[PDB]
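Visitor: The following block contains the structure, expressed as structure tokens.
So basically every Cβ, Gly included, is an ideal-geometry build from the backbone, and we count neighbours across all protein chains shown. What follows is calculated from the coordinates using simple rules that are stated; it is not laboratory data.
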Amino acid sequence: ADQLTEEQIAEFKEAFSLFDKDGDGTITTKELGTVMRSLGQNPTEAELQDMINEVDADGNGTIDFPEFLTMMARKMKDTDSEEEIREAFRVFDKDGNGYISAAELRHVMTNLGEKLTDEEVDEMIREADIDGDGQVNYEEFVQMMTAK
Amino acid sequence: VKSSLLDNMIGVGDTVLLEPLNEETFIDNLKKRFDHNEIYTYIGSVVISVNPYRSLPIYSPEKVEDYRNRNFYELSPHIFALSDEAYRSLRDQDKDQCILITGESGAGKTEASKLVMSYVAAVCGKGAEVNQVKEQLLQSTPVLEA
Amino acid sequence: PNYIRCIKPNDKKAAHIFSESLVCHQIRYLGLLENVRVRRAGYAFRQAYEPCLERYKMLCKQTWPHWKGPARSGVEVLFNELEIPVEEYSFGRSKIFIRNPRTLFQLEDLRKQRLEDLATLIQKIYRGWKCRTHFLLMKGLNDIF
Amino acid sequence: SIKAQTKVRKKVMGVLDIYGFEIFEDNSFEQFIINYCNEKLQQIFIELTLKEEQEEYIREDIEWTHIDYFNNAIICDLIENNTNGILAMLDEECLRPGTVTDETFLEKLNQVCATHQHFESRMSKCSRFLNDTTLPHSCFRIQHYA
């Protein structure tokens, strides 16, 4: 791209400097995704692996700040939609009532995808419905998660 | 309309979908379903039941609510789904029904009568009457069996 | 008439014995095979347009996330993107008709493929809500790092 | 003990528990009546099946293609015909006294019942010409749906 007007440069620079703990001037490579997800771009893990293996020729993933800006102008046009993920939840509704089972949400969200851990899907259901238990809603839950 | 018996299907759930069509594939279908404790398999609107010779937990009153008033297509094969069709064709349509059990003794005919009439004893609204006629029917069964 | 055929899996009344030769005779005596042969007759699968479109809306970029109305047209553009031959299906008045389960298990394979992409999308936007939330709390504690 | 108290308007769901098909090594007249009743049940089952299917393909305005199935009606017709059936010949041999035996009844079946394709005997010729092994004398074969 061109790229990247300054008001995103400052956020990429403070998030770029936040996850630097050795005093290098670059992030560590295990935390490479959470850099991008703390700012709200959210790439997938395998596409992150391809994108980091494009610029690396050593098998470590060590980049700098302009390469990270290049990766941000690549993914900047990939901002997801609201109705798309909401209809993706409506795929997992099997009863057509607007209700969704919490335990089957655990089964899907711990057996499919990037495989969320126990605290993340348990915290997911506890944020979905504070009263409980075992059966949750999603239609306001999608409004809660899709805010940057 | 959002669920189907095709999801989570052990083997092939409906034999009209079985390919290729002979007895050799079908024995393997009932084999691989009976191994995974799936003893019901449809042909069109036909229930195939296999006797497991034990009490399976697919007859809970919890699953009566699950099997009730879904469509024939929307859920995994079970015998109640036949009775849940028949009763509604008796209830909402006011047409007389009959449920035919064909097989040999020791394959589960009397059990199928007990489970069909048990579902009708569940969802009719006056369960104690159907249990009262039912108890004298199952009581009169070994009398006729003599 | 509503209908039940019962099969014994052995001649010994046990729970885990499956004798294939006896069950073969149980199929022969009841005649399940010609039952399948007559239920299959022309088109081996069928369903209404609405559960078909609601089941397979995610395989077409004109039905994802909407719609494409009416339901026969959405199933049609679904087939036209997924490159299904014309002799595989037929349009009824209120149902879509499928001739051989080759097309059916093909579509179940493709839907099984896109399901992981939908769950991956949900876990991506959710975990991004968590990392973005932790980033906003981290800004909320320390204004400069 | 189980009937209703008075005689009112009603709607009924019945349950017909019927036995299944039989094959022994030696199948006598009992198993003949048994297998004949299962021929009738198979016939009404396939007939209601085809009327139901062709009903649906006429509903959805789709051109029917023809399907090949086993005809049960000519086995039933092979047994029940008031002039050419098996039971008409048996009612004849029971009715008239002529010092009648089993082999004379087989002679009558060879005379009038062997003109059909699916009947099969040894002394007739026609149906069938061949001298097939494991087909003894004083017996006959019926090609059932089973």
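Visitor: Can you give me the three principal axis dimensions of chain C from its C-alpha atoms, in Å, biggest first?
Guide: That works out to 82, 46, 28 Å along the principal axes.
Visitor: Whole-Hz Karplus ³J(HN,Hα) for segment C:20-37, in order, using 6.51 cos²θ - 1.76 cosθ + 1.60 and θ = phi - 60°, x for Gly and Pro?
Guide: 5, 5, 6, 5, 4, 5, 5, 6, 5, 5, 7, x, 6, 6, 6, 4, 5, 5
Visitor: If packing is taken as the average count of other Cβ atoms within 10 Å, what order do C:2-9, D:122-129, D:6-13 fall into, highest mean first? Before the final figure, lay out each step's value.
Guide: On the way: C:2-9: 22.8, D:122-129: 14.5, D:6-13: 8.2.
By packing density, highest mean first, the sequence is C:2-9, D:122-129, D:6-13.
Visitor: Please go through segment D:23-106 and write out the chymotrypsin sites (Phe, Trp or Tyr not before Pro) that DSSP classes as loop and that have at most 15 other C-beta atoms within 10 Å.
Guide: Working: sites: D:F24, D:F29, D:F32, D:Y36, D:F45, D:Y57, D:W64, D:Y69, D:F70, D:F105; in loops: D:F24, D:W64, D:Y69, D:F70.
Passing sites in segment D:23-106 are D:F24, D:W64, D:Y69.
Visitor: When a/c is below 1.5 the answer is rounded, else prolate if a/b is larger than b/c, else oblate, so apply that to segment A:11-148 with a ≥ b ≥ c taken from the square roots of the Cα gyration tensor eigenvalues.
Guide: Numbers: a/c = 2.36, a/b = 2.19, b/c = 1.08.
Here segment A:11-148 falls in the prolate category.
Visitor: Under a crude label model (7 Å from the Cα following the beta-carbon direction), how far is A:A103 from B:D96 in nanometres?
Guide: Taking the two extended label points, one gets 4.4 nm.
Visitor: Ok, one more. Return the single residue from D:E60, D:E39, D:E107 with maximal mean-square fluctuation; model: Gaussian network over chain D, springs between Cα atoms under 10 Å.
Guide: Looking only at D:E60, D:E39, D:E107, the biggest GNM fluctuation is shown by D:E60.
Visitor: Going by how many other Cβ atoms sit within 10 Å of their own, how do B:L137, D:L106 line up, fewest first? Could the numbers behind the result be given before it?
Guide: Working: B:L137 16, D:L106 19.
Result, fewest neighbours first: B:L137, D:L106.
Visitor: Between D:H66 and A:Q49, how high is the FRET efficiency from 1/(1 + (r/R0)^6) when r is the Cβ-Cβ distance and R₀ = 45 Å? Nearest 0.05.
Guide: Values: r = 57 Å, r/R0 = 1.26.
Efficiency, rounded to the nearest 0.05: 0.20.
Visitor: Looking at segment C:70-145, which trypsin sites (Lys or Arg not before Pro) are DSSP coil and have at most 11 other C-beta atoms within 10 Å of their C-beta? Provide the component values of the computation, followed by the final result.
Guide: Working: sites: C:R72, C:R93, C:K95, C:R99, C:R102, C:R111, C:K112, C:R114, C:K124, C:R127, C:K130, C:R132, C:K139; in loops: C:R93, C:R99.
Hits after loop and neighbour filter: C:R93.
Visitor: Per-residue mean of other chain beta-carbon atoms within 10 angstrom of the beta-carbon, peptide D:82-93? Please list the in-between numbers first.
Guide: Details: counts 0, 0, 0, 0, 0, 0, 0, 0, 0, 0, 0, 0.
Whole-number average of other-chain Cβ neighbours for D:82-93 is 0.
Visitor: With labels modelled as points extended 7 Å from the Cα through the Cβ direction, what inter-label distance (nm, one decimal) is found for A:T28 paired with B:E135?
Guide: Going from the A:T28 label point to the B:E135 one covers 7.1 nm.
Visitor: Rounded if a/c is under 1.5, else prolate if a/b is larger than b/c, else oblate: which is segment D:1-131, with a ≥ b ≥ c the root eigenvalues of its Cα gyration tensor?
Guide: Details: a/c = 2.65, a/b = 1.38, b/c = 1.91.
Verdict is oblate for segment D:1-131.
Visitor: According to the square roots a ≥ b ≥ c of the eigenvalues of the Cα gyration tensor, what is the shape class of the protein assembly as shown, taking rounded for a/c under 1.5, prolate for a/b larger than b/c otherwise, and oblate for the remainder? Intermediate results must be reported in sequence, preceding the final value.
Guide: On the way: a/c = 2.99, a/b = 2.37, b/c = 1.26.
Prolate, because a/c is 1.5 or more and a/b exceeds b/c.
Visitor: Gaussian network model of chain B, Cα springs within a sub-10 Å range: biggest mean-square fluctuation belongs to which of B:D66, B:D14, B:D84?
Guide: Result: B:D66 has the largest fluctuation of those listed.
Visitor: Which residue, B:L30, B:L82, B:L56, tops the fluctuation ranking in a GNM of chain B built on C-alpha contacts under 10 Å?
Guide: The residue that fluctuates most here is B:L56.
Visitor: C:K112 versus D:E30, label points 7 Å from Cα toward the beta carbon: distance in nm?
Guide: 5.0 nm
Visitor: Around D:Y19, which amide H atoms from residues at least 5 apart in sequence, or from another chain, sit under 5 Å from its own amide H, with H modelled in the peptide plane?
Guide: Result for D:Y19 returns nothing.
Visitor: Scan around A:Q135 for amide H atoms under 5 Å from its own, H built in the peptide plane at 1.01 Å from N, and keep only partners 5 or more places away or cross-chain.
Guide: So A:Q135 has HN proximity to A:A102.
Visitor: Okay, next question. For segment C:1-84, which GluC sites (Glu not before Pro) are both in a DSSP coil and crowded by at most 13 other Cβ atoms within 10 Å?
Guide: Answer in residue order: C:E83.
Visitor: Okay, moving on. To the nearest 10 degrees, how steep is helix B:127-145 against the longest Cα principal axis of chain B, on a 0 to 90 scale?
Guide: 80 degrees
Visitor: Using a 10 Å cut-off on Cβ to Cβ distances, tally the other chain neighbours for every residue of C:40-53 and report the average as a whole number. Show your work: numbers first, answer last.
Guide: Numbers: counts 10, 12, 9, 6, 6, 4, 5, 3, 2, 0, 1, 7, 1, 1.
Mean shielding count: 5.
Visitor: Averaged across the residues of B:91-100, what count of C-beta atoms belonging to other chains lies within 10 Å of each residue's C-beta?
Guide: Working: counts 2, 0, 1, 1, 2, 5, 7, 8, 9, 12.
For this peptide, the per-residue mean of nearby foreign Cβ atoms is 5.
Visitor: Still on this model: Over what distance in Å are the Cα centres of segment D:45-73 and segment B:30-82 separated?
Guide: 27 Å
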